[PDB]
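What follows is a set of notes on a single structure, which appears directly below.
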Amino acid sequence: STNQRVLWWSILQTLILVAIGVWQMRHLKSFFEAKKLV
Amino acid sequence: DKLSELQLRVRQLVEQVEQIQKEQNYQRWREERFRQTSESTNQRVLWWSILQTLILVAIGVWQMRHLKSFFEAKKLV
Amino acid sequence: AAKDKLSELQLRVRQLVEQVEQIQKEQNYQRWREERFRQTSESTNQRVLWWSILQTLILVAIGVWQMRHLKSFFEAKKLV
Amino acid sequence: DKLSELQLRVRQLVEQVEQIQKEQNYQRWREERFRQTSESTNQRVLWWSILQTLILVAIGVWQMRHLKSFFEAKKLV
Amino acid sequence: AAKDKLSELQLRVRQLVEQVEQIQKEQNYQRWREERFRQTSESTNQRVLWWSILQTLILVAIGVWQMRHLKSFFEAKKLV
Amino acid sequence: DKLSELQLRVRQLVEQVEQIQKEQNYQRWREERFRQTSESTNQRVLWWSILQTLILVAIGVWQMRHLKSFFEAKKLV
Amino acid sequence: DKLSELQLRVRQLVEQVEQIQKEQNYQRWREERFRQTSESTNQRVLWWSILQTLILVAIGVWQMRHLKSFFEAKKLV
Amino acid sequence: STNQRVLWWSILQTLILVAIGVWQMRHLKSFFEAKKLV
Numbered sequence: 198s199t200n201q202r203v204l205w206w207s208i209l210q211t212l213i214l215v216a217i218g219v220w221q222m223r224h225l226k227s228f229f230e231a232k233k234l235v
Numbered sequence: 159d160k161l162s163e164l165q166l167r168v169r170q171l172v173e174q175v176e177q178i179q180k181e182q183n184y185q186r187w188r189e190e191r192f193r194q195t196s197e198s199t200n201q202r203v204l205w206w207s208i209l210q211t212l213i214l215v216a217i218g219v220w221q222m223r224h225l226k227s228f229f230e231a232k233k234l235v
Numbered sequence: 156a157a158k159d160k161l162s163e164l165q166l167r168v169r170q171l172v173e174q175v176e177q178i179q180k181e182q183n184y185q186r187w188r189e190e191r192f193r194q195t196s197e198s199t200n201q202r203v204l205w206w207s208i209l210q211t212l213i214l215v216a217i218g219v220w221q222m223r224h225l226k227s228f229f230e231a232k233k234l235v
Numbered sequence: 159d160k161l162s163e164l165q166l167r168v169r170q171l172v173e174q175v176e177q178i179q180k181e182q183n184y185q186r187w188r189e190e191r192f193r194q195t196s197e198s199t200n201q202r203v204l205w206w207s208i209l210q211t212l213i214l215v216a217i218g219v220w221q222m223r224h225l226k227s228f229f230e231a232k233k234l235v
Numbered sequence: 156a157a158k159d160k161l162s163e164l165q166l167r168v169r170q171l172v173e174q175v176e177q178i179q180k181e182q183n184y185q186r187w188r189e190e191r192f193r194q195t196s197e198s199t200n201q202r203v204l205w206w207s208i209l210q211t212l213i214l215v216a217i218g219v220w221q222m223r224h225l226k227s228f229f230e231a232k233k234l235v
Numbered sequence: 159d160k161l162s163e164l165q166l167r168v169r170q171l172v173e174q175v176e177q178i179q180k181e182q183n184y185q186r187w188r189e190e191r192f193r194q195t196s197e198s199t200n201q202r203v204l205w206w207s208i209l210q211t212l213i214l215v216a217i218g219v220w221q222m223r224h225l226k227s228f229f230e231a232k233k234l235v
Numbered sequence: 159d160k161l162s163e164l165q166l167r168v169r170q171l172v173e174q175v176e177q178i179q180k181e182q183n184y185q186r187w188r189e190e191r192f193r194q195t196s197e198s199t200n201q202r203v204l205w206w207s208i209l210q211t212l213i214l215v216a217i218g219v220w221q222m223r224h225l226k227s228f229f230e231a232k233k234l235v
Numbered sequence: 198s199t200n201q202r203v204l205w206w207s208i209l210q211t212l213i214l215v216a217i218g219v220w221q222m223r224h225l226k227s228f229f230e231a232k233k234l235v
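In structure tokens form, the structure reads like this:
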């Protein structure tokens, strides 16, 4: 059943990288208005 | 009597071959099924690794375009 | 009756030799099947290793390009 | 005579099963060994992937730390 | 001696019967390594036909992006 | 009495062999036919590659033409 | 009286059953090697098609680079 | 032997696409100096 397991990792790795990209995009959005003030 | 002895010997020999052939029935099937499975899994893990790369690159870009579009609209508003 | 009792035995042993040889052959094939599966699976494992490794490079390169295109874009935006 | 001849033939056949049997056993061992190495290969592929995911998140965070830092530097100078 | 003969023959049927049985089992497997393989082959062929379609789209998209980045680059260069 | 059972069982194995040698032939037809199918599938792939290399290059030249008409036409008018 | 012929019927049967066993084996040789070859060649096509995409994209980007590095240097000279 | 016949066509297709890209890259180079004159 390992075969599945690594496949689960592929399908939940994808999710974590997408999540990190979205938070990256949110961090910059929250970073902009502070950058203009400084 | 020698003949008889040969007959006792050939019978045992021919029953130690049913057994041998059945072991090799059983081993083949088992082994091939495992082989199959492993192989298929490797190609899933390599047909999805590539989809994953494609979707990761698209979103990444897309997102940047979104940042250069809604961020740009912020300045006009 | 013993002669018939030897002829049947020589048919049976002939029919045993036939079965054993069809089994030997069988066995040689199984041992050659194995080599092939040690080289298709080896090839696929090498292929997936090269793919993961180069997928890592692709993602890192796109990340760096993304950074360099974003930094200049902010710089350029401030000037106009 | 025939008897003796038959015996000889039979002797050859008798050998030809022990080897076959012996070899079946060898085959079985090797199959199993390969099964075990394939089990370790999937586990080596698994660590790799997770290592890579960690690497990618570290690089995301450095990237985000970095450009932002540069901007800050510009604003302080 | 016939009793002997009959038993040679009843026993004869006993090894042969199993011969057929085994054979039957292998045929069952065979029809199992053919249906399965057909489906496996279909899957792999699907993969190549969809990667083909995917590769074509990737090359076309990169060509269009190349054309849009070159056109603007020349126009921007003329202005500065 | 035993001979009647034996002859029925033998008839009862001839049918099985006949069945088995009938079905084996059916399996052999399934195989040859499959060889024809796999070959046909590879042929389409080849054409699809030469279609895809045709679609790709005309576009290439095509693209270039578009570029000339986006720059050259502006100069004329 | 049938017994002698029963011995014969059986003989015919085992002349054919072994033959079935031979043919069956031959069909598994012929359609085993063929499937490994077909699977291996499709896997290699799919792998090299993927590699071909990577090399094609790399050169494209480098074409851009070289049409902007050396073209840019043309204006300064 | 059709397998070798598809692999060779893949390689030839790679070569032809690279050749078309280079030719493209040469056509624009020969196009520039004419563009500046017009």
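Chains as they are written, first to last, in the authors' numbering: chain G, 198 to 235; chain A, 159 to 235; chain B, 156 to 235; chain C, 159 to 235; chain E, 156 to 235; chain F, 159 to 235; chain D, 159 to 235; chain H, 198 to 235.
No residue lacks a Cβ here, since even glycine has one placed at the ideal position from N, Cα and C.
When you compare only the Cα positions, how much space is there between residue i and residue j?
| i | j | result |
| --- | --- | --- |
| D159(C) | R193(D) | 50 angstroms |
| residue 308(B) | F228(C) | What is shown of chain B runs 156 to 235, which leaves residue 308(B) out entirely. |
| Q201(A) | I208(H) | 23 angstroms |
| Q170(B) | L171(A) | 12 angstroms |
| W187(A) | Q221(F) | 56 angstroms |
| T195(B) | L212(A) | 26 angstroms |
| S198(D) | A216(B) | 31 angstroms |
| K233(A) | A231(C) | 23 angstroms |
| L161(A) | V168(B) | 13 angstroms |
| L164(F) | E163(B) | 18 angstroms |
| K226(A) | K226(G) | 11 angstroms |
| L214(C) | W205(B) | 17 angstroms |
| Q182(D) | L166(C) | 31 angstroms |
| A156(B) | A157(E) | 9 angstroms |
| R191(A) | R191(B) | 15 angstroms |
| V203(D) | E189(D) | 21 angstroms |
| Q174(F) | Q174(D) | 12 angstroms |
| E176(A) | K180(F) | 24 angstroms |
| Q210(E) | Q210(A) | 15 angstroms |
Taking residue i as the reference, give the member of the options with the closest Cα.
| i | options | result |
| --- | --- | --- |
| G218(G) | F228(A), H224(A), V175(A) | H224(A) |
| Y184(B) | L214(C), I178(C), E190(C) | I178(C) |
Residues of the region 157–170 of chain B with Cβ closer than 8 angstroms to any Cβ of chain A, in chain order: Flagged, chain order: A157, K160, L161, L164, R167, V168.
Can you list, in chain order, the stretches of the alpha helix (DSSP H) that have 4 or more residues and sit fully within the region 187–234 of chain A? Segments of the alpha helix (DSSP H) lying fully in the region 187–234 of chain A: 206–234.
Identify each residue in the region 191–208 of chain C for which the Cβ-Cβ distance to at least one residue of chain A is less than 7 angstroms, and report them in chain order. Residues of the region 191–208 of chain C whose Cβ lies closer than 7 angstroms to any Cβ of chain A, in chain order: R193, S196.
Residues in the region 209–233 of chain G having any Cβ partner in chain C nearer than 8 angstroms: When C-beta distances to chain C are compared with 8 angstroms, the residues of the region 209–233 of chain G below that value are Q210, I213, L214, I217, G218, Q221, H224, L225, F228, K232, in chain order.
Residues of the region 170–181 of chain C with a CB closer than 8 angstroms to any CB of chain B: list them in chain order, please. Only those residues of the region 170–181 of chain C whose C-beta falls short of 8 angstroms from the nearest C-beta of chain B are listed: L171, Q174, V175, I178, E181.
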